[PDB]
>>> print(open('model_34.csv').read())   # CSV, C-alpha atoms
chain,number,residue,atom,x,y,z
B,1,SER,CA,9.5,6.2,29.5
B,2,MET,CA,12.3,3.7,28.7
B,3,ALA,CA,11.1,1.1,31.3
B,4,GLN,CA,8.0,0.5,29.1
B,5,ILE,CA,9.9,-0.4,26.0
B,6,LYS,CA,10.6,-4.2,25.8
B,7,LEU,CA,12.3,-4.2,22.4
B,8,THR,CA,16.1,-3.9,22.1
B,9,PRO,CA,17.7,-1.3,19.7
B,10,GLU,CA,18.4,-4.1,17.2
B,11,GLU,CA,14.8,-5.3,17.3
B,12,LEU,CA,13.5,-1.8,16.9
B,13,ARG,CA,15.7,-1.5,13.8
B,14,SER,CA,14.4,-4.8,12.4
B,15,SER,CA,10.8,-3.6,12.7
B,16,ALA,CA,11.7,-0.2,11.3
B,17,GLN,CA,13.0,-1.8,8.1
B,18,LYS,CA,9.6,-3.5,7.6
B,19,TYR,CA,7.8,-0.2,7.7
B,20,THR,CA,10.2,1.6,5.3
B,21,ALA,CA,10.1,-1.3,2.8
B,22,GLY,CA,6.3,-1.3,3.2
B,23,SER,CA,6.1,2.5,2.6
B,24,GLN,CA,8.2,2.2,-0.6
B,25,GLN,CA,6.1,-0.6,-2.0
B,26,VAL,CA,2.7,1.2,-1.3
B,27,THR,CA,4.1,4.3,-3.0
B,28,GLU,CA,5.4,2.2,-6.0
B,29,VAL,CA,1.9,0.7,-6.5
B,30,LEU,CA,0.0,3.9,-6.1
B,31,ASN,CA,2.3,5.7,-8.7
B,32,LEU,CA,2.2,2.8,-11.2
B,33,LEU,CA,-1.7,2.6,-11.0
B,34,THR,CA,-2.2,6.3,-10.9
B,35,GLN,CA,-0.5,6.2,-14.3
B,36,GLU,CA,-2.5,3.2,-15.5
B,37,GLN,CA,-5.6,5.1,-14.5
B,38,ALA,CA,-4.6,7.9,-16.9
B,39,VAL,CA,-3.6,5.5,-19.8
B,40,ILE,CA,-7.1,4.0,-19.5
B,41,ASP,CA,-8.8,7.4,-19.2
B,42,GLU,CA,-7.0,8.8,-22.3
B,43,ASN,CA,-7.5,5.6,-24.4
B,44,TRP,CA,-11.2,5.0,-23.5
B,45,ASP,CA,-14.0,7.6,-23.9
B,46,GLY,CA,-17.4,7.1,-22.3
B,47,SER,CA,-18.7,6.9,-18.7
B,48,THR,CA,-18.1,3.2,-18.3
B,49,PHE,CA,-15.3,3.5,-15.7
B,50,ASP,CA,-16.3,6.9,-14.2
B,51,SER,CA,-17.3,5.2,-10.9
B,52,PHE,CA,-13.9,3.5,-10.7
B,53,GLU,CA,-12.0,6.7,-11.4
B,54,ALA,CA,-14.0,8.6,-8.7
B,55,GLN,CA,-13.5,5.8,-6.1
B,56,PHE,CA,-9.8,5.8,-6.9
B,57,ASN,CA,-9.3,9.5,-6.7
B,58,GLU,CA,-11.1,9.6,-3.4
B,59,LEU,CA,-9.1,6.8,-1.9
B,60,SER,CA,-5.8,8.0,-3.2
B,61,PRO,CA,-5.2,10.5,-0.4
B,62,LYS,CA,-5.8,7.8,2.1
B,63,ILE,CA,-3.1,5.8,0.4
B,64,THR,CA,-0.5,8.6,0.4
B,65,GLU,CA,-1.3,9.3,4.1
B,66,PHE,CA,-0.6,5.6,4.7
B,67,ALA,CA,2.7,5.5,2.9
B,68,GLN,CA,3.9,8.6,4.9
B,69,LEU,CA,2.7,7.1,8.2
B,70,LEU,CA,4.8,4.0,7.5
B,71,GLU,CA,7.8,6.0,6.8
B,72,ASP,CA,7.3,8.2,9.8
B,73,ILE,CA,7.1,5.0,12.0
B,74,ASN,CA,10.4,3.8,10.5
B,75,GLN,CA,12.0,7.2,11.3
B,76,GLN,CA,10.7,7.2,14.9
B,77,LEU,CA,11.8,3.6,15.6
B,78,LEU,CA,15.2,4.3,14.2
B,79,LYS,CA,15.6,7.4,16.4
B,80,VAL,CA,14.3,5.7,19.6
B,81,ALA,CA,16.7,2.8,18.8
B,82,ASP,CA,19.7,5.1,18.8
B,83,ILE,CA,18.6,6.8,21.9
B,84,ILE,CA,18.3,3.6,23.8
B,85,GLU,CA,21.6,2.3,22.5
B,86,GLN,CA,23.3,5.5,23.6
B,87,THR,CA,21.7,5.1,27.0
B,88,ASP,CA,23.3,1.7,27.4
B,89,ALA,CA,26.7,3.1,26.3
B,90,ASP,CA,26.4,5.9,28.9
B,91,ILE,CA,25.3,3.7,31.8
B,92,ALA,CA,28.1,1.2,31.1
B,93,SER,CA,30.8,3.9,31.0
B,94,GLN,CA,29.5,6.5,33.5
B,95,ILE,CA,28.3,4.1,36.3
B,96,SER,CA,30.7,2.4,38.7
G,1,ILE,CA,-11.7,1.9,-26.8
G,2,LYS,CA,-8.2,2.4,-28.4
G,3,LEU,CA,-6.9,-0.5,-26.3
G,4,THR,CA,-6.5,-4.0,-27.6
G,5,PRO,CA,-7.5,-7.1,-25.5
G,6,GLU,CA,-3.8,-7.7,-24.8
G,7,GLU,CA,-3.2,-4.1,-23.6
G,8,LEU,CA,-6.3,-4.4,-21.4
G,9,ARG,CA,-5.0,-7.7,-19.9
G,10,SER,CA,-1.5,-6.2,-19.3
G,11,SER,CA,-3.2,-3.3,-17.5
G,12,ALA,CA,-5.4,-5.7,-15.5
G,13,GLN,CA,-2.4,-7.7,-14.3
G,14,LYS,CA,-1.0,-4.5,-12.8
G,15,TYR,CA,-4.1,-3.8,-10.8
G,16,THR,CA,-4.3,-7.3,-9.4
G,17,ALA,CA,-0.6,-7.5,-8.6
G,18,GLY,CA,-0.9,-4.0,-6.9
G,19,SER,CA,-3.9,-5.2,-5.0
G,20,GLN,CA,-2.0,-8.2,-3.7
G,21,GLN,CA,1.1,-6.1,-2.8
G,22,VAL,CA,-0.9,-3.5,-0.9
G,23,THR,CA,-2.7,-6.2,1.0
G,24,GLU,CA,0.5,-8.0,1.9
G,25,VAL,CA,2.0,-4.8,3.3
G,26,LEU,CA,-1.1,-4.1,5.3
G,27,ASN,CA,-1.1,-7.7,6.7
G,28,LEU,CA,2.6,-7.7,7.6
G,29,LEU,CA,2.4,-4.3,9.3
G,30,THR,CA,-0.9,-5.0,11.1
G,31,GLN,CA,1.0,-7.9,12.7
G,32,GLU,CA,4.0,-5.7,13.4
G,33,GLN,CA,1.8,-3.0,15.0
G,34,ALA,CA,0.5,-5.7,17.4
G,35,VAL,CA,4.1,-6.8,18.2
G,36,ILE,CA,5.1,-3.2,19.1
G,37,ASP,CA,1.9,-2.7,21.1
G,38,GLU,CA,2.6,-5.9,23.1
G,39,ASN,CA,6.2,-4.9,23.6
G,40,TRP,CA,5.7,-1.1,24.3
G,41,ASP,CA,3.7,-0.6,27.5
G,42,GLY,CA,1.7,2.6,28.1
G,43,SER,CA,0.1,5.1,25.7
G,44,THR,CA,3.3,6.4,24.0
G,45,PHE,CA,2.7,4.6,20.8
G,46,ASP,CA,-1.1,5.2,20.9
G,47,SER,CA,-1.0,8.0,18.3
G,48,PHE,CA,0.7,5.8,15.6
G,49,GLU,CA,-1.6,3.0,16.5
G,50,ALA,CA,-4.7,5.2,16.1
G,51,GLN,CA,-3.6,6.6,12.7
G,52,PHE,CA,-2.8,3.1,11.4
G,53,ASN,CA,-6.1,1.7,12.7
G,54,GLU,CA,-8.1,4.5,11.1
G,55,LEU,CA,-6.5,4.1,7.7
G,56,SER,CA,-6.5,0.3,7.7
G,57,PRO,CA,-10.1,0.0,6.5
G,58,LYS,CA,-9.4,2.4,3.6
G,59,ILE,CA,-6.4,0.4,2.6
G,60,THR,CA,-8.6,-2.7,2.4
G,61,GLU,CA,-11.2,-0.8,0.4
G,62,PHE,CA,-8.4,0.4,-2.0
G,63,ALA,CA,-7.1,-3.2,-2.5
G,64,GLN,CA,-10.6,-4.3,-3.2
G,65,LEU,CA,-11.1,-1.5,-5.8
G,66,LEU,CA,-8.0,-2.6,-7.6
G,67,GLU,CA,-9.2,-6.1,-7.9
G,68,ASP,CA,-12.6,-5.0,-9.1
G,69,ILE,CA,-10.9,-2.9,-11.8
G,70,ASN,CA,-8.9,-5.9,-12.7
G,71,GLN,CA,-12.0,-8.1,-13.2
G,72,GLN,CA,-13.8,-5.6,-15.3
G,73,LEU,CA,-10.8,-4.9,-17.5
G,74,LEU,CA,-10.7,-8.7,-18.1
G,75,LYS,CA,-14.4,-8.8,-19.0
G,76,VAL,CA,-14.0,-5.9,-21.4
G,77,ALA,CA,-11.0,-7.6,-23.0
G,78,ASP,CA,-13.0,-10.8,-23.6
G,79,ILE,CA,-15.8,-8.8,-25.3
G,80,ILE,CA,-13.4,-6.9,-27.5
G,81,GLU,CA,-11.4,-10.0,-28.5
G,82,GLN,CA,-14.6,-11.6,-29.8
G,83,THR,CA,-15.4,-8.3,-31.7
G,84,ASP,CA,-11.9,-8.4,-33.2
G,85,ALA,CA,-12.4,-12.0,-34.3
G,86,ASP,CA,-15.9,-11.2,-35.9
G,87,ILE,CA,-14.5,-8.2,-37.7
G,88,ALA,CA,-11.6,-10.1,-39.0
G,89,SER,CA,-13.8,-13.0,-40.2
G,90,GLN,CA,-16.2,-10.6,-41.9
G,91,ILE,CA,-13.5,-8.9,-43.9
G,92,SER,CA,-11.5,-12.1,-44.6
>>> encode(input="model_34.csv", output="structure tokens")
Amino acid sequence: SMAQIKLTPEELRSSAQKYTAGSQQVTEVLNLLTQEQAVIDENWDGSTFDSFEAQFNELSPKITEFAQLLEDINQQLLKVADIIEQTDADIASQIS
Amino acid sequence: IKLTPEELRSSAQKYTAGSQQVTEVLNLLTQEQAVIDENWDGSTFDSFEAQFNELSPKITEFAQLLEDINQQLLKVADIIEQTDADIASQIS
């Protein structure tokens, strides 16, 4: 329902940008450190970081789930923003 | 350990910077989730709100893990640096 949305198309698009920037950063961190984790693993034998590696692997899927949620929110806000903007265009031109 | 103290410290820096960046994103977008909720009445946005809220605690756990890894890498680096100095002194 459009009556419930108190943000303008431009405001929706400003918010959206924060979510996509956020998604990209979280992904950049995850990928960088996923790699660090392997550099360490390869260059360090023993069980001394086994608990860290297991906690990391277990949390990792939560982190990719998060990055994709943020990107999905960006996409939805963008689409809703276009819909509302088009609604204003139509009301202004089709209503006398 | 095939890694020098310097390499360990360079790696540690990445974990702590990553920890901070992940936390900053969570913080910014937690605030933005509240702005949208306050400015979008009804239950339409409830699904995105719910997913975000469920994941939030795990994002916090993840940032804390990165900082813990950072701190241990730094401790290990200190230990190995003393070892390097003792070996060098012994041979010299």
>>> interface_residues(input="model_34.csv", of="chain B", to="chain G", cutoff="10 Å", atoms="all atoms listed in the file", output="PyMOL selection string")
chain B and resi 1-7+12+15-16+18-19+21-23+25-30+32-33+36-37+39-46+49+52-53+55-56+58-63+65-66+69-70+72-73
>>> atom_distance(input="model_34.csv", atom1="atom CA of residue B:75", atom2="atom CA of residue B:91")
24.7 Å
>>> atom_distance(input="model_34.csv", atom1="atom CA of residue B:67", atom2="atom CA of residue B:20")
8.8 Å
>>> atom_distance(input="model_34.csv", atom1="atom CA of residue B:9", atom2="atom CA of residue G:31")
19.3 Å
>>> closest_residue(input="model_34.csv", among="G:87, G:13, G:5, G:30", to="residue G:71", atoms="all atoms listed in the file")
G:13
>>> build_atoms(input="model_34.csv", residues="stretch 46-59 of chain G", atoms="N, CA and C atoms", output="PDB file, in the frame of the given file")
ATOM      1  N   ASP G  46       0.350   5.170  21.183  1.00  0.00           N
ATOM      2  CA  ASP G  46      -1.100   5.200  20.900  1.00  0.00           C
ATOM      3  C   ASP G  46      -1.482   6.042  19.702  1.00  0.00           C
ATOM      4  N   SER G  47      -0.719   7.097  19.428  1.00  0.00           N
ATOM      5  CA  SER G  47      -1.000   8.000  18.300  1.00  0.00           C
ATOM      6  C   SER G  47      -0.753   7.274  16.960  1.00  0.00           C
ATOM      7  N   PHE G  48       0.380   6.585  16.841  1.00  0.00           N
ATOM      8  CA  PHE G  48       0.700   5.800  15.600  1.00  0.00           C
ATOM      9  C   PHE G  48      -0.297   4.691  15.435  1.00  0.00           C
ATOM     10  N   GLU G  49      -0.632   4.028  16.537  1.00  0.00           N
ATOM     11  CA  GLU G  49      -1.600   3.000  16.500  1.00  0.00           C
ATOM     12  C   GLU G  49      -2.952   3.461  15.987  1.00  0.00           C
ATOM     13  N   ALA G  50      -3.357   4.643  16.441  1.00  0.00           N
ATOM     14  CA  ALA G  50      -4.700   5.200  16.100  1.00  0.00           C
ATOM     15  C   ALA G  50      -4.727   5.597  14.592  1.00  0.00           C
ATOM     16  N   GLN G  51      -3.668   6.215  14.084  1.00  0.00           N
ATOM     17  CA  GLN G  51      -3.600   6.600  12.700  1.00  0.00           C
ATOM     18  C   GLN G  51      -3.680   5.367  11.805  1.00  0.00           C
ATOM     19  N   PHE G  52      -2.864   4.375  12.143  1.00  0.00           N
ATOM     20  CA  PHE G  52      -2.800   3.100  11.400  1.00  0.00           C
ATOM     21  C   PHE G  52      -4.216   2.470  11.397  1.00  0.00           C
ATOM     22  N   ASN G  53      -4.845   2.374  12.565  1.00  0.00           N
ATOM     23  CA  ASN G  53      -6.100   1.700  12.700  1.00  0.00           C
ATOM     24  C   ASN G  53      -7.223   2.421  11.879  1.00  0.00           C
ATOM     25  N   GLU G  54      -7.172   3.748  11.870  1.00  0.00           N
ATOM     26  CA  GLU G  54      -8.100   4.500  11.100  1.00  0.00           C
ATOM     27  C   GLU G  54      -7.997   4.290   9.620  1.00  0.00           C
ATOM     28  N   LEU G  55      -6.754   4.223   9.151  1.00  0.00           N
ATOM     29  CA  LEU G  55      -6.500   4.100   7.700  1.00  0.00           C
ATOM     30  C   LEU G  55      -6.638   2.658   7.200  1.00  0.00           C
ATOM     31  N   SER G  56      -6.436   1.675   8.074  1.00  0.00           N
ATOM     32  CA  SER G  56      -6.500   0.300   7.700  1.00  0.00           C
ATOM     33  C   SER G  56      -7.699  -0.062   6.795  1.00  0.00           C
ATOM     34  N   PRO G  57      -8.917   0.281   7.247  1.00  0.00           N
ATOM     35  CA  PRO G  57     -10.100   0.000   6.500  1.00  0.00           C
ATOM     36  C   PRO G  57     -10.115   0.584   5.070  1.00  0.00           C
ATOM     37  N   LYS G  58      -9.522   1.764   4.925  1.00  0.00           N
ATOM     38  CA  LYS G  58      -9.400   2.400   3.600  1.00  0.00           C
ATOM     39  C   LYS G  58      -8.392   1.712   2.732  1.00  0.00           C
ATOM     40  N   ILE G  59      -7.376   1.110   3.342  1.00  0.00           N
ATOM     41  CA  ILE G  59      -6.400   0.400   2.600  1.00  0.00           C
ATOM     42  C   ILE G  59      -7.025  -0.901   2.029  1.00  0.00           C
TER      43      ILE G  59
END
